[PDB]
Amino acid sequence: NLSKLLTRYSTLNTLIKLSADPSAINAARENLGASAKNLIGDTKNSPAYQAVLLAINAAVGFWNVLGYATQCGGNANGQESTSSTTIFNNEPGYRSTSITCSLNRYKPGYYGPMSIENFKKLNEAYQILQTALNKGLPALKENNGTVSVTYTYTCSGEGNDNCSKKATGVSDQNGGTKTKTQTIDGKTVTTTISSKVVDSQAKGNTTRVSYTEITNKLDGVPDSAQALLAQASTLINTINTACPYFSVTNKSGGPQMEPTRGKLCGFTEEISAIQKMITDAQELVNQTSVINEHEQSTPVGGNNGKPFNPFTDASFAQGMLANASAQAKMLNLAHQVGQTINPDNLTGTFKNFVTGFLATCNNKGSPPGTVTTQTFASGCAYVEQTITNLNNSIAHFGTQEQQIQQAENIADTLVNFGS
């Protein structure tokens, strides 16, 4: 019997009274619209935005911590090389803004060097992420944003084929150029590749040897969240799949890395975590289309100016519910991203890694995405700050979270009544 319910569960009687009242239902739908703007239209104040940013920053930070220590080398086919030096610029190397892949004779592979094929993949994703972070991520609702990205590497050494026609696509290795246009998203992305040779005795050449320099200029690269998360996923998965050898320089006094030698995928807890964050951020961003597809802006009420009937006049409810559920699901995944990496709940060597390296910068802060001779061995990706801002944004989403729950309960009541 129902009177006997509405004693023991008083807030349910209130819920039913609201579910039969168009003005209360409309008030809930106006709240959904506003909380959706907070989630997908804002940046500083959006928990969703901060959780995306955090997931990206952790991937980038992971590499800033470990890239300098990671061996890479060999030739273009994944093959060993007898004497090849390949230097990638704007990367966090030891006491340098470049990383040098100069490990010969050893076969690239697991617990060996990272092939240059993989390093190219990793590097491209890294340059893109660092350029986007630097300009600032757009709000989640903005997808038609793009960014331009430029990056360079150099090949020296006898027999080094990492800058050749086959590796590059450029017919002429000296002064040549190639344009191609793959389409990431349903978006076109123009890539201009260009090559120049610099002889040993050419003027203004520090390195006493002669080299080829490849420049990549990518235009119209998607800077949306879905796009950038795919880049972070590529970065962390490339690392995890190549699983190259690394060894670190443990600085005097310092914070201390363990293990000192080993293989990059040996950081299982740290990589799992980052992969998890990216996965949860991707599911979170996917809720955006559910929210857009179910606008709550049209007022509801009876028809033929007769009283509202929650049993028949309520077909909007499925969509209201789907929307509210989406917003709620966003907020929970955002929280869950934060809890994956937040050191308050981490333990043992995964905690040392985050508190002593990942959530740390050694640059003299400098803006997001800048790479300096001191970047190595620290995250330099605003991780402590992003965690703090994610928490602040959630704390300031108190009201909206409750409004979403009420909207979901009104809708859910109406979906029930209609059957």
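Quick note: we count residues from 1 along the sequence shown, nothing fancier. Note that the rigid core is defined as the largest set of C-alphas that superpose within 1.5 Å between two forms.
Between stretches 305 to 313 and 229 to 237, the one whose Cα atoms sit farther from the displayed model in 8 other deposited structures of this protein on average is 305 to 313 (core-aligned, root mean square).
Missing deposited residues between residue 364 and residue 365: 4 to 9, all without coordinates in the entry.
Two stretches are in play, 385 to 393 and 365 to 373, and the higher mean C-alpha B-factor belongs to 365 to 373.
Here 214 to 222 and 255 to 263 are compared by their mean Cα B-factor, and 255 to 263 comes out higher. Listed residues 238, 77, 71, 325 were ranked by CA B-factor as deposited; 77 comes out on top.
In the deposited coordinates, the residue among 162, 288, 205, 268 with the greatest CA B-factor is 205.
In the PDB entry, residue 125 places in the lowest third of its chain by CA B-factor. When the modelled residues of the chain are ordered by their C-alpha B factor, residue 12 lands in the highest third. Residue 234: CA B factor lies in the lowest third for its chain, per the PDB record. Sort the chain's modelled residues by C-alpha temperature factor and residue 283 lands in the middle third, per the entry. Placement of the Cα temperature factor of residue 198 within the chain: highest third of the modelled residues, per the deposited record.
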